[PDB]
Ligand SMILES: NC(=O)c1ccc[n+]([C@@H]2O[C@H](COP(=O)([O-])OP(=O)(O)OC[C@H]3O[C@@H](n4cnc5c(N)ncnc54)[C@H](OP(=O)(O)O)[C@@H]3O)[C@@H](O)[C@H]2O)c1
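So this first bit is one chain, no partners, the form solved without the ligand, shown in structure tokens.
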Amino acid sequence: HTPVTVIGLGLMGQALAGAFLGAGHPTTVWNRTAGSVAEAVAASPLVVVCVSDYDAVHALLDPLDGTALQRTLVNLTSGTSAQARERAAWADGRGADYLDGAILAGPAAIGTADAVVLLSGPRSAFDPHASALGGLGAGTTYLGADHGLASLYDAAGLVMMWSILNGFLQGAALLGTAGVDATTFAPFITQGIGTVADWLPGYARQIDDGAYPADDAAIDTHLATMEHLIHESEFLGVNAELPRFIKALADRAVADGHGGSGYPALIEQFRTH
């Protein structure tokens, strides 16, 4: 329906440009290895940027004439909320609408229901291009006004991801000591993940009030079991840092008199240092 530019053609850049062409957009394109970045920007009212990091964004966009963006810039590069909030300020000083986003999917998933693409920024920047941007997948989702949100969501997703992979590896190492294969273990552990996931909405309700009922599973009672996990790990000669970390956090909660509360009282530990 409308012209769009794509800047940066890593795997993901290509995929993004692919989806825009495949949805019938007159699509202009530019890469490191259109004549120039300025030519690419001048081509379309909607400009999408996907490059390795915000330093590259800085390097490609800062040198532009002050008039060049006076346009909606959508920055799907991964970075911190502070980086996103800076670019928002910069873009506003250059007279552009700015959305900051993050891609939580591989290039293959772009343009499909598997794609997840988070966008944050003011409705006035998003609504006019909602259709165009929906071309990247039904998982394309507008999170709200604060330009930092996509980065923060991406961070919550990443920390959870590494958390799970690390718990999986710790388990595989433990069971490995008795000769159980990782593929034998996996079906068991994926059932368990599902079960724990279903506890999260309720744990969310507890965190949103400041109320952490024990429900017969108080932090105290966790403690003995966490010690076992450590002893087990040390004794079999596998790494015990993760189980010690886990017990360290719960010790702090106990020391702040939260021993009697449910596990979600540990959110206080994750809020300080």
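Throughout, we count residues from 1 along the sequence that is shown.
- Counting the unmodelled positions of the deposited sequence between residue 70 and residue 71 gives a small gap of 1 to 3 residues.
- Per the record, residue 33 and residue 34 are separated by 10 or more deposited residues that are missing from the model.
- Of the two stretches examined, 119 to 127 and 193 to 201, the record assigns the greater average C-alpha temperature factor to 119 to 127.
- When 6 to 14 is weighed against 254 to 262, 6 to 14 comes out higher, by mean CA B-factor as recorded in the entry.
- Take 161, 113, 152, 172 and read off each C-alpha B-factor from the entry; 113 has the highest.
- Of the candidates 108, 180, 99, 103, the one whose C-alpha carries the top B factor in the deposited record is 108.
- Looking at the C-alpha B-factors along this chain, the one for residue 221 belongs to the middle third.
- Sort the chain's modelled residues by C-alpha temperature factor and residue 39 lands in the highest third, per the entry.
- When the modelled residues of the chain are ordered by their C-alpha B factor, residue 233 lands in the lowest third.
- When all modelled residues of the chain are sorted by CA temperature factor, residue 242 is found within the lowest third.
- Ranked by Cα temperature factor within the chain, residue 89 sits in the lowest third according to the deposited record.
As for the form solved in complex with the ligand, it is not shown, yet the points below apply to it.
- For the residues 41, 219, 51, 61, the 4.5 Å heavy atom test against the ligand in the bound PDB entry is passed only by 51.
- Heavy atoms within 4.5 Å of the ligand in the bound PDB entry are found in one stretch of 123 to 131, 86 to 94, 177 to 185, 103 to 111, which is 103 to 111.
- Looking at residue 31, you'd find a heavy atom of it within 4.5 angstroms of the ligand in the bound PDB entry.
- Using a 4.5 Å cutoff between non-hydrogen atoms, residue 255 does not count as a contact of the ligand in the bound PDB entry.
- The ligand is not shown here, but in the bound PDB entry it comes within 4.5 Å of a heavy atom of residue 13.
- Of the heavy atoms in residue 77, some are within 4.5 Å of the ligand in the bound PDB entry.
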